[PDB]
Amino acid sequence: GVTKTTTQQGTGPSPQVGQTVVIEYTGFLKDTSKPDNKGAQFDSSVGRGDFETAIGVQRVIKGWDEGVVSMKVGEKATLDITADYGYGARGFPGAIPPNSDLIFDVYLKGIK
Amino acid sequence: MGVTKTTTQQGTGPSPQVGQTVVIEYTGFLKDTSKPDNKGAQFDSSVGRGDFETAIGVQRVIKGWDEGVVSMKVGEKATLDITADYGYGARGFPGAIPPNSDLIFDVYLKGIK
Ligand SMILES: O=C(O)[C@H]1CCCCN1
(Lines give C-alpha, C1' and ligand atoms only; values in the text may rest on other atoms or scores of the structure.)
Protein backbone atom coordinates (compact mmCIF):
# COMPACT_ATOMS: atom_id res chain seq x y z
CA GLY A 1 0.00 0.00 0.00
CA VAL A 2 2.66 2.45 1.08
CA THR A 3 6.39 1.76 1.00
CA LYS A 4 8.69 3.81 3.19
CA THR A 5 12.35 4.68 2.69
CA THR A 6 14.20 6.36 5.55
CA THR A 7 16.74 8.92 4.33
CA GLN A 8 17.23 10.33 7.84
CA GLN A 9 16.53 8.33 10.98
CA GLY A 10 14.40 10.05 13.62
CA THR A 11 14.55 9.17 17.30
CA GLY A 12 11.77 11.20 18.89
CA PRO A 13 8.28 9.89 19.47
CA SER A 14 6.24 8.18 16.79
CA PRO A 15 2.83 9.76 16.09
CA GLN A 16 -0.21 7.78 17.12
CA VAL A 17 -3.76 7.87 15.81
CA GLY A 18 -5.44 11.17 16.59
CA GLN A 19 -2.27 13.18 17.27
CA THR A 20 -1.49 16.29 15.26
CA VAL A 21 1.74 15.89 13.30
CA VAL A 22 3.89 18.69 11.93
CA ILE A 23 5.47 17.77 8.60
CA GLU A 24 7.25 19.36 5.70
CA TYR A 25 6.44 17.53 2.49
CA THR A 26 6.75 17.47 -1.28
CA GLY A 27 4.40 15.35 -3.40
CA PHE A 28 5.27 13.82 -6.77
CA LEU A 29 3.48 11.71 -9.31
CA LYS A 30 5.36 8.42 -9.57
CA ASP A 31 7.27 7.97 -12.86
CA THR A 32 9.55 4.91 -12.78
CA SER A 33 11.60 6.35 -15.67
CA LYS A 34 12.80 9.18 -13.40
CA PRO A 35 15.42 9.27 -10.64
CA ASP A 36 13.88 8.09 -7.37
CA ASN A 37 10.71 7.56 -9.46
CA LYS A 38 9.81 11.24 -8.97
CA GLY A 39 7.74 12.60 -11.82
CA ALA A 40 5.86 15.90 -11.75
CA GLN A 41 5.69 17.68 -8.40
CA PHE A 42 2.04 18.43 -7.65
CA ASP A 43 2.14 19.80 -4.10
CA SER A 44 4.55 20.89 -1.39
CA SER A 45 4.50 22.56 1.99
CA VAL A 46 7.88 24.15 1.22
CA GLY A 47 7.61 27.93 1.10
CA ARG A 48 3.98 27.63 2.17
CA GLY A 49 4.90 26.70 5.74
CA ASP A 50 4.79 23.59 7.88
CA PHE A 51 1.67 21.49 7.40
CA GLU A 52 -0.32 20.30 10.43
CA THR A 53 -2.97 17.62 10.65
CA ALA A 54 -4.40 15.02 12.96
CA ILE A 55 -2.97 11.76 11.69
CA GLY A 56 -4.63 8.38 11.35
CA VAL A 57 -8.17 9.79 11.12
CA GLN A 58 -8.58 9.91 7.32
CA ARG A 59 -8.20 13.66 7.01
CA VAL A 60 -5.47 12.86 4.45
CA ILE A 61 -4.96 9.97 2.02
CA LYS A 62 -4.41 6.56 3.64
CA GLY A 63 -0.79 6.49 2.44
CA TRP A 64 0.05 9.47 4.64
CA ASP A 65 -1.99 8.18 7.57
CA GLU A 66 -0.19 4.85 7.42
CA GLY A 67 3.20 6.24 6.42
CA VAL A 68 3.38 9.03 8.95
CA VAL A 69 2.33 6.99 12.00
CA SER A 70 5.24 4.67 11.17
CA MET A 71 7.74 7.55 11.36
CA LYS A 72 9.55 9.06 14.34
CA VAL A 73 9.95 12.78 14.99
CA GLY A 74 13.11 13.86 13.19
CA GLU A 75 12.71 11.22 10.47
CA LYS A 76 12.98 12.18 6.81
CA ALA A 77 11.32 9.57 4.62
CA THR A 78 10.06 8.92 1.12
CA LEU A 79 6.57 7.39 0.93
CA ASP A 80 5.82 5.42 -2.25
CA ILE A 81 2.02 5.35 -2.22
CA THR A 82 -0.01 3.16 -4.57
CA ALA A 83 -2.96 4.85 -6.26
CA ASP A 84 -5.51 2.99 -4.12
CA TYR A 85 -3.75 4.35 -1.01
CA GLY A 86 -3.71 7.80 -2.61
CA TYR A 87 -6.54 9.42 -4.57
CA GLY A 88 -7.47 6.14 -6.25
CA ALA A 89 -9.52 5.98 -9.41
CA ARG A 90 -11.13 9.41 -8.87
CA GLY A 91 -7.83 11.30 -8.65
CA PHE A 92 -8.18 14.92 -7.61
CA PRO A 93 -9.46 17.30 -10.33
CA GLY A 94 -6.87 19.85 -11.41
CA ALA A 95 -4.06 18.23 -9.42
CA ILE A 96 -3.72 14.44 -9.64
CA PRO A 97 -4.71 12.19 -12.58
CA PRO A 98 -6.82 9.07 -11.97
CA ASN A 99 -4.87 6.05 -10.73
CA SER A 100 -1.64 7.94 -9.97
CA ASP A 101 0.89 6.26 -7.77
CA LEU A 102 2.43 8.94 -5.59
CA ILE A 103 5.87 9.68 -4.15
CA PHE A 104 6.14 11.94 -1.09
CA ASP A 105 9.22 13.30 0.65
CA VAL A 106 8.08 13.71 4.26
CA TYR A 107 9.94 15.37 7.12
CA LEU A 108 8.30 14.75 10.51
CA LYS A 109 9.23 17.78 12.59
CA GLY A 110 7.03 17.37 15.63
CA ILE A 111 3.88 16.23 17.32
CA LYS A 112 1.53 18.74 18.96
CA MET B 1 -30.11 19.53 0.71
CA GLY B 2 -26.41 19.12 0.05
CA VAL B 3 -26.28 20.95 -3.29
CA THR B 4 -28.19 24.02 -4.49
CA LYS B 5 -27.88 25.15 -8.12
CA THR B 6 -28.27 28.73 -9.33
CA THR B 7 -28.47 28.85 -13.12
CA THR B 8 -26.56 31.83 -14.48
CA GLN B 9 -26.90 31.04 -18.19
CA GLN B 10 -29.67 28.82 -19.52
CA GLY B 11 -28.52 26.00 -21.75
CA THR B 12 -30.58 24.49 -24.52
CA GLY B 13 -28.61 21.41 -25.52
CA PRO B 14 -29.22 17.94 -24.12
CA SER B 15 -29.14 17.03 -20.44
CA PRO B 16 -26.85 14.29 -19.07
CA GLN B 17 -28.18 11.11 -17.56
CA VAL B 18 -26.34 8.87 -15.09
CA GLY B 19 -23.27 7.22 -16.58
CA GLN B 20 -22.84 9.52 -19.60
CA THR B 21 -19.52 11.27 -20.10
CA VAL B 22 -19.84 15.00 -19.58
CA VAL B 23 -17.49 17.79 -20.55
CA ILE B 24 -17.42 20.68 -18.09
CA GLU B 25 -15.49 23.86 -17.42
CA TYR B 26 -15.37 24.80 -13.75
CA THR B 27 -13.87 27.00 -11.08
CA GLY B 28 -13.85 25.73 -7.50
CA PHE B 29 -13.91 27.89 -4.37
CA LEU B 30 -13.98 27.24 -0.66
CA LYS B 31 -17.31 28.60 0.53
CA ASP B 32 -17.01 31.81 2.55
CA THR B 33 -20.30 33.40 3.62
CA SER B 34 -18.58 36.74 4.38
CA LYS B 35 -17.60 37.12 0.70
CA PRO B 36 -19.66 38.07 -2.38
CA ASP B 37 -21.53 35.12 -3.92
CA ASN B 38 -20.12 33.08 -0.98
CA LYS B 39 -16.84 32.51 -2.85
CA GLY B 40 -13.76 32.19 -0.69
CA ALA B 41 -10.37 31.00 -1.86
CA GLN B 42 -10.23 29.58 -5.38
CA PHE B 43 -8.49 26.21 -5.30
CA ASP B 44 -8.94 25.05 -8.91
CA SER B 45 -10.22 26.04 -12.34
CA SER B 46 -10.25 24.57 -15.85
CA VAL B 47 -10.72 28.02 -17.41
CA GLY B 48 -8.17 28.45 -20.18
CA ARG B 49 -7.13 24.79 -20.28
CA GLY B 50 -8.84 21.55 -21.25
CA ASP B 51 -12.33 20.82 -20.06
CA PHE B 52 -12.80 18.20 -17.38
CA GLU B 53 -14.38 15.08 -18.90
CA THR B 54 -15.95 12.50 -16.64
CA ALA B 55 -18.74 9.98 -16.40
CA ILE B 56 -21.46 11.72 -14.42
CA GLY B 57 -23.56 10.20 -11.69
CA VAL B 58 -21.26 7.24 -10.92
CA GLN B 59 -19.35 8.79 -7.98
CA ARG B 60 -16.25 9.53 -10.07
CA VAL B 61 -16.60 13.13 -8.88
CA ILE B 62 -18.11 14.63 -5.73
CA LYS B 63 -21.83 14.02 -5.27
CA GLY B 64 -22.53 17.75 -5.62
CA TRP B 65 -21.30 17.46 -9.22
CA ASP B 66 -23.11 14.17 -9.83
CA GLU B 67 -26.43 15.71 -8.81
CA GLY B 68 -25.77 19.23 -10.07
CA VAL B 69 -24.38 18.45 -13.50
CA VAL B 70 -27.04 15.88 -14.44
CA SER B 71 -29.67 18.57 -13.84
CA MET B 72 -27.96 20.86 -16.35
CA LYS B 73 -28.26 21.30 -20.09
CA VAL B 74 -25.35 21.69 -22.46
CA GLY B 75 -24.64 25.40 -22.62
CA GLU B 76 -25.81 26.03 -19.07
CA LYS B 77 -23.65 27.90 -16.61
CA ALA B 78 -24.53 27.42 -12.97
CA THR B 79 -23.16 28.11 -9.53
CA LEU B 80 -23.22 24.97 -7.37
CA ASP B 81 -23.28 25.56 -3.61
CA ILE B 82 -22.07 22.23 -2.20
CA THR B 83 -21.99 21.17 1.44
CA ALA B 84 -19.12 19.12 2.82
CA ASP B 85 -21.47 16.11 2.76
CA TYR B 86 -21.72 16.48 -1.03
CA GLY B 87 -18.14 17.57 -1.51
CA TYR B 88 -15.02 15.84 -0.29
CA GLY B 89 -16.58 15.18 3.12
CA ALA B 90 -14.21 14.60 6.02
CA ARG B 91 -11.09 14.34 3.85
CA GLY B 92 -9.10 17.27 2.57
CA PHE B 93 -6.48 17.98 -0.05
CA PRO B 94 -3.67 19.66 1.94
CA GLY B 95 -3.08 23.33 1.12
CA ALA B 96 -6.22 23.43 -1.07
CA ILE B 97 -9.31 22.03 0.68
CA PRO B 98 -9.52 21.58 4.48
CA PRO B 99 -11.58 18.65 5.79
CA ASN B 100 -15.34 19.29 5.97
CA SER B 101 -15.17 22.25 3.58
CA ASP B 102 -18.32 23.56 1.97
CA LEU B 103 -17.60 24.37 -1.67
CA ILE B 104 -18.82 26.76 -4.37
CA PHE B 105 -18.38 25.73 -8.01
CA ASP B 106 -18.96 27.74 -11.17
CA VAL B 107 -19.75 25.03 -13.68
CA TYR B 108 -20.33 25.28 -17.41
CA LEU B 109 -21.66 22.18 -19.21
CA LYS B 110 -20.20 22.23 -22.71
CA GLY B 111 -20.91 18.74 -23.99
CA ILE B 112 -22.05 15.18 -23.53
CA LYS B 113 -20.15 12.38 -25.30
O1 LIG C 1 -5.39 22.36 4.24
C2 LIG C 1 -5.61 21.86 5.39
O3 LIG C 1 -5.90 22.48 6.45
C4 LIG C 1 -5.50 20.35 5.52
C5 LIG C 1 -5.90 19.83 6.91
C6 LIG C 1 -5.57 18.35 7.01
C7 LIG C 1 -6.18 17.60 5.85
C8 LIG C 1 -5.82 18.19 4.50
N9 LIG C 1 -6.14 19.62 4.41
Side-chain angles (χ1 to χ4, degrees), chain A, chain B residues 28-30 41-46 49-50 52 87-101 103:
Chain A
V2 41
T3 291
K4 194 174 58 147
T5 296
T6 308
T7 65
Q8 176 179 278
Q9 296 199 32
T11 61
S14 177
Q16 304 181 46
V17 61
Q19 289 182 321
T20 296
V21 298
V22 177
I23 64 177
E24 176 185 50
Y25 75 87
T26 308
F28 305 93
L29 303 182
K30 193 185 176 174
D31 176 0
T32 49
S33 73
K34 297 287 179 283
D36 319 311
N37 305 326
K38 283 171 189 172
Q41 167 174 348
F42 63 91
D43 194 27
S44 182
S45 67
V46 179
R48 206 171 63 199
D50 281 354
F51 178 78
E52 302 175 359
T53 178
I55 201 73
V57 292
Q58 295 76 55
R59 300 168 71 78
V60 291
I61 53 181
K62 204 177 179 190
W64 274 23
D65 269 358
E66 209 152 296
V68 178
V69 304
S70 80
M71 294 174 68
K72 315 193 162 175
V73 171
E75 173 162 349
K76 297 184 181 204
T78 300
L79 305 176
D80 175 359
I81 302 183
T82 77
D84 288 320
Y85 271 49
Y87 298 98
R90 313 209 327 179
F92 190 82
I96 284 145
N99 299 290
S100 307
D101 280 22
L102 307 171
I103 301 290
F104 286 90
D105 287 323
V106 182
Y107 178 23
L108 180 62
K109 297 170 73 179
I111 301 166
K112 300 286 225 189
Chain B
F29 311 85
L30 304 176
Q42 180 187 319
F43 55 89
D44 191 25
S45 174
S46 71
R49 57 166 206 231
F52 187 80
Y88 295 104
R91 202 172 73 204
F93 189 96
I97 297 173
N100 300 298
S101 294
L103 312 162

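A, B, ... follow the sequence lines: proteins, then strands. Residue 1 opens every chain.
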Asker: So which pairs with a foot in residues 7-16 of chain A pass salt bridge (charged side-chain N to carboxylate O under 4.0 Å, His left out), sequence neighbours left out?
Answerer: none
Asker: Just wondering, are more than 12 heavy atoms of other shown residues or ligands nearer than 6.0 Å to NZ in A:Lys72?
Answerer: no
Asker: Mind checking what makes side chain to side chain donor-acceptor pair (under 3.5 Å) contact with A:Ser33, not counting sequence neighbours?
Answerer: A:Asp31
Asker: Nearest heavy-atom pair of B:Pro99 and B:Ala90: which atoms, and what distance?
Answerer: CB-O, 3.4 Å
Asker: What are the two closest non-hydrogen atoms of A:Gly67 and A:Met71, and how far apart are they?
Answerer: O-CG, 3.3 Å
Asker: With sequence neighbours left out, write down each residue that passes side chain to side chain donor-acceptor pair (under 3.5 Å) with A:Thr20, or none if nothing qualifies.
Answerer: none
Asker: Could you note down all residue pairs passing side chain to side chain donor-acceptor pair (under 3.5 Å) where residues 95-105 of chain A supplies at least one of them, sequence neighbours left out?
Answerer: A:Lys38-A:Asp105, A:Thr78-A:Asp105
Asker: Please list all pairs meeting side chain to side chain donor-acceptor pair (under 3.5 Å) that have one or both residues in residues 49-59 of chain A, counting only residues at least two apart or in different chains.
Answerer: A:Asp50-A:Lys109, A:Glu52-A:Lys112
Asker: Show every salt bridge (charged side-chain N to carboxylate O under 4.0 Å, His left out) that has at least one partner inside residues 5-29 of chain A, sequence neighbours left out.
Answerer: none
Asker: Return the minimal non-hydrogen interatomic distance between A:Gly86 and A:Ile81, and the atom names on each side.
Answerer: N-CG2, 3.7 Å
Asker: Apply side chain to side chain contact (heavy atoms under 4.5 Å, CB included) to residues A:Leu102 and A:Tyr85 and explain how you reach the verdict.
Answerer: CA-CA 9 Å; A:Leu102 307 171; A:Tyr85 271 49; over 6 Å; no
Asker: Hey, could you give me the CD1/CD1 distance between A:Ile55 and A:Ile111, rounded to the nearest 0.5 Å?
Answerer: 10.0 Å
Asker: Using every non-hydrogen atom in the two residues, find where B:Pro94 and A:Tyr25 come nearest and quote the distance to one decimal.
Answerer: CB-OH, 3.4 Å
Asker: Not counting sequence neighbours, list each pair that qualifies as a salt bridge (charged side-chain N to carboxylate O under 4.0 Å, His left out) and has a residue in residues 79-90 of chain A.
Answerer: A:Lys30-A:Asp80
Asker: Checking A:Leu29 against A:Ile96 for the side chain to side chain contact (heavy atoms under 4.5 Å, CB included) test, could you report, in this order, the C-alpha distance in whole Å, the side-chain angles of both residues, the deciding distance, and whether it holds?
Answerer: CA-CA 8 Å; A:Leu29 303 182; A:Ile96 284 145; 4.1 Å; yes
Asker: My understanding is that only residues two or more places apart in sequence, or in another chain, count here; which of them pass side chain to side chain donor-acceptor pair (under 3.5 Å) with B:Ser46?
Answerer: none
Asker: Looking at every non-hydrogen atom in both residues, tell me the closest pair between B:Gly95 and A:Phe51 and how far apart they are.
Answerer: N-CE1, 4.3 Å
Asker: List for me each residue that meets side chain to side chain donor-acceptor pair (under 3.5 Å) alongside A:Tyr107, sequence neighbours excluded, and say none if there are none.
Answerer: none
Asker: Using side-chain heavy atoms (C-beta onward) and a distance below 4.5 Å, is A:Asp43 in contact with A:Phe104?
Answerer: no
Asker: Not counting sequence neighbours, list each pair that qualifies as a side chain to side chain donor-acceptor pair (under 3.5 Å) and has a residue in residues 5-19 of chain A.
Answerer: A:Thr6-A:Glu75
Asker: Does A:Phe92 have any ring-ring contact (aromatic ring centres under 6.0 Å, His included) partners at least two apart in sequence or in another chain, and if so, which?
Answerer: B:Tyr88, B:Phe93
Asker: Show every salt bridge (charged side-chain N to carboxylate O under 4.0 Å, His left out) that has at least one partner inside residues 60-71 of chain A, sequence neighbours left out.
Answerer: none
Asker: Hey, are the side chains of A:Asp36 and A:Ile103 touching, using non-hydrogen atoms and a 4.5 Å cut-off?
Answerer: no
